[PDB]
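Worksheet: one structure, shown below.
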Amino acid sequence: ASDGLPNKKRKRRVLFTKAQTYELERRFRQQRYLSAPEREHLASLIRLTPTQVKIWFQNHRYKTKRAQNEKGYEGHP
């Protein structure tokens with residue numbers, strides 16, 4: 001459901017719920033990038049790891065609205 005899906009694409013995924021997807025998309029509209037004093041505070045506020053938040057903002061800047069998302073695609077980021 002959150003760590004699994006009945007499809008064949010990617011494999012290994014991340015699939016996050018409505019608190020997690022809310023905060024990540026709302027910084028992706030107003031910002032590009034978010035530095036360590038405020039990025040680690042966003043990960044402690046929402047409850048995730050520093051390495052999964054860092055590579056979420058890495059994979060979202062990658063020509064993303066098609067399945068040509070060549071390096072760093074965890075589903076369809």
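None of the figures in this text is laboratory data; all of them are computed from the coordinates on show. Cβ sites come from the backbone with ideal geometry, for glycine too, and all protein chains shown count toward neighbours.
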Are there any helices (runs of 4 or more DSSP H) wholly within the chain with 2 or more residues that are β-branched (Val, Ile, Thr), and if so which?
50-54
Filter segment 19-34 for residues that are surrounded by 14 or more Cβ atoms within 10 Å (Cβ to Cβ) and either touching a residue at least 60 places away in the same chain (Cβ under 8 Å) or closer than 14 Å to residue 59 by Cβ (or both) and give the result.
24, 28
Looking at segment 48-77 only, could you name the residues that are at positive phi and touching a helix residue (DSSP H, G or I) at 6+ places or on another chain (Cβ under 8 Å)?
72
Go through segment 5-51 and count every residue that is under 16 Å from residue 77 (Cα atoms) and touching a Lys or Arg at 6+ places or on another chain (Cβ under 8 Å).
2
